[PDB]
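Don't worry about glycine lacking a Cβ; one is built from the backbone with ideal geometry, like all the others, and counts go over all protein chains shown. What follows is calculated from the coordinates using simple rules that are stated; it is not laboratory data.
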Amino acid sequence: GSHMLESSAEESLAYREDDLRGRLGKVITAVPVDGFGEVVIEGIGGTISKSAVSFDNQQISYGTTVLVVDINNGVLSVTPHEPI
């Protein structure tokens, strides 16, 4: 039954990642209007980078602040909120 316990741990990690949907992030590899890049949550001293896609069909260069508006397994969906 160990494979079901491993599946339960992976589904729990997917739920921990879906909790990040309520937070801002920061793009470090460009995300064009129909493409893929990379992001980190704004807690940069205690968080991990993930792949990212442009939820609002926007071009999202390096070094901008984004809202993680939807989430899939290691593939976050983001848009440039750029808050104050």
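Observations on the model:
- Size of charge dipole - the chain - debye, nearest 20, with Cβ of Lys, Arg +1 and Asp, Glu -1, no other charges: 220
- Loop-located chymotrypsin sites (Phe, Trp or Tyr not before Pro) in region 1-66 (DSSP state not H, G, I, E or B) with no more than 16 neighbouring Cβ atoms inside 10 Å: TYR62.
- Relative contact order of the chain, pairs being alpha-carbon contacts under 8 Å that are 6 or more residues apart, as %: 28
- Sorted by Cβ neighbour density within 10 Å, fewest at the top, the residues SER7, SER77: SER7, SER77
- Taking 1.567 mPa s as the viscosity and 4 °C as the temperature, the Stokes-Einstein diffusion coefficient of the chain based on its alpha-carbon Kirkwood radius rounds to 99 µm²/s.
- Measuring r between the beta carbons of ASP18 and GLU82 and using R0 = 30 Å, the FRET efficiency lands at 0.80.
- Going by neighbour counts of Cβ atoms within 10 Å, the residues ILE48, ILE41 line up, fewest first, as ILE48, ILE41.
- Derived scalar couplings ³J(HN,Hα) [region 6-22; Karplus, 6.51 cos²θ - 1.76 cosθ + 1.60; whole Hz; x for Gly, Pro]: 4, 4, 5, 5, 5, 5, 5, 5, 4, 5, 4, 5, 5, 4, 5, 4, x
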